Every structure is written in structure tokens, then in C-alpha cells.
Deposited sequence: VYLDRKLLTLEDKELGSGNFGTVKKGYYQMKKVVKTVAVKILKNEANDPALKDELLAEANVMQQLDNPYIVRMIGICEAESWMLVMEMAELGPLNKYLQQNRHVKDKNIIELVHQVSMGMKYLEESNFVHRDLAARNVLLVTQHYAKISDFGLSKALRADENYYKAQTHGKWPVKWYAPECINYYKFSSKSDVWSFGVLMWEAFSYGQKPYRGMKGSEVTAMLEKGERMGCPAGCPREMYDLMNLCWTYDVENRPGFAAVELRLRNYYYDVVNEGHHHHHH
């Protein structure tokens, strides 16, 4: 899974950044054709964290998950992935307010299929948000940013940590337990973000203020122009009790029929 640095050419402009360091556009010389790529370039536990991210991506093979090309150890550690040219979903929608709601449903349904696969694979994403959905085209979305993801043990359906608070279900905040159902709650917030054309959720509120609101049974309101069925699904994703909240099979199934 180890790439040749001479076969990788990086562009100076940067696509994004994270605690890991920077993301740059590049080109990798494949078997004959050259492939456009996005490269995460490492800036102390980050190397192990980047390698863990690569380990998850190596195991995943689904049309709605960003594909990794490989890793390269050169001037810095690099995670080379196929390029999703149109970038993060939230920024795209902030700049393209005329996408049809039908178009949004198609994109959020694609996200549920990638997440259904991840759930079937017993991986939890733990960072599912509109900023981590990338557009290949306006009609093809892929899930990215597996830096926090975990492979669940064969005998448990959750990972217990020893944070993007606004995307986390109550059981994550209160008990530190992350499951596919926790990702479902995030998917509900992601849906809200998508239908709000990339506005931030719980605008102007502290994480502790968000937690108090949810405990009161309050939820974000319906974004302007959002179809009732999609708001209803969001509310179902925001079911307080992990046991009664739907899984991705149920979410994906509802989205497919709609």
C-alpha cells in the first residue's frame, strides 16, 4: 500500500486543513493514466492516527466512500486519496443555493448507502458531518475523513472512548459510547445541514447549551424550504433513546423509497 514519492506531484494551493496538517491537490502516475488526487500531508501521535485512518480506508470498498490510493513516506507522511473535485458538501451548498431539494435527497441518500455499508462492516465513523461529505459531481457524494473511525470488536456494537459536540448523540456525550446508531444521529444533523444549504447547526450555542436543549426534548427547527418527509426523518434520527433510534438499514430504506 506504499506509494513512490517520485510518482506523486503536489500543487502549492491547499484544499483544506486539520490538526494533522494540510490537504493538497496532486497527481499520481498510475499504471499508464495519471490520477488526480487529494493528499493529506502530516505536519506526535498524528502519524499513528494517520496510519489508523489509512488502515480503515484500506478495508473499505464501496462506491460512496472516498477511495484511498495509498500512503507515501517522504518529506512527511502522506495519505493519498482519489480526488473529489467539487469538495465538501456544506461549502458547495453555501455557494450553490439552486440545487433542487430532489438533488439534495439523492446526495443524502448516497450518504446513507455509504453509511449502511460502514454499519454492515461494523465500523463507526464518529465524525459524520456535511463538511466530511465530498462531491465528485453534483449528483455523486462520497463520505470522507475516517480519522476518528473505529473497527468495532466482534462482541460489542459500540466503541467506548476513554469533539464535534453538535453532531454527537446524547449517549456519546453522557456515556462516551459510539455506535452506528450514534452515526445515525449525526446523519440527522448532516441532513439538517444539507437542507439548510450548509448553515452551521445550533448557530451561536455552546456545546453545553446544545446538550441542555436536547435533554428537554427540543430539536432544531425545519430549515426554510425543507420537505416535510426529510424533516420527519431528521427527527427520527434524533431519537433520544439509542434503542428506539433507527439504524442505517432503516434510514437508507426510507430514503430509497422517497
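- Missing from the model relative to the deposited sequence are positions 44-48, 168-171, 268-281 (no C-alpha coordinates, numbering from 1).
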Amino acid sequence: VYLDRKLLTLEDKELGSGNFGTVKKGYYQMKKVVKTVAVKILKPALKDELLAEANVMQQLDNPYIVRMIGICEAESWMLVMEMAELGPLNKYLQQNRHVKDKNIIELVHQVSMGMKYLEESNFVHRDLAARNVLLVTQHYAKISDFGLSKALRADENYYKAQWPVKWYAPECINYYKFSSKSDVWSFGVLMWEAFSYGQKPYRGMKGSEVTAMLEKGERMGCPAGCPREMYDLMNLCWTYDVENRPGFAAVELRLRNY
From here on, numbers count along this sequence of modelled residues.
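- Figure legend: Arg203 is marked as modelled in all of the other comparable entries of the protein, none of which omit it, let alone a third.
- For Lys43, the fraction of other compared entries lacking coordinates, among those that model flanking residues, reaches at least a third.
- Taking only CA atoms, the mean B-factor in the PDB entry is higher for 18-26 than for the other of 18-26 and 231-239.
- 99-107 and 136-144 differ in mean CA B-factor, and the higher of the two is recorded for 99-107.
- The maximum CA B-factor among the listed residues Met220, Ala38, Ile41, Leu46, taken from the PDB record, is found at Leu46.
- The PDB entry assigns its highest CA temperature factor, among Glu209, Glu53, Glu193, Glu215, to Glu209.
- The PDB entry assigns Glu75 a C-alpha temperature factor belonging to the highest third of its chain's modelled residues.
- Among the modelled residues of the chain, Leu152 sits in the middle third by CA temperature factor in this PDB entry.
- Sorting the modelled residues of the chain by their CA temperature factor places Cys226 in the highest third.
- Per the PDB record, residue ranking by Cα B-factor puts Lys91 in the middle third of the chain.
- Compared with the other modelled residues of the chain, the Cα B-factor recorded for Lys160 ranks in the highest third.
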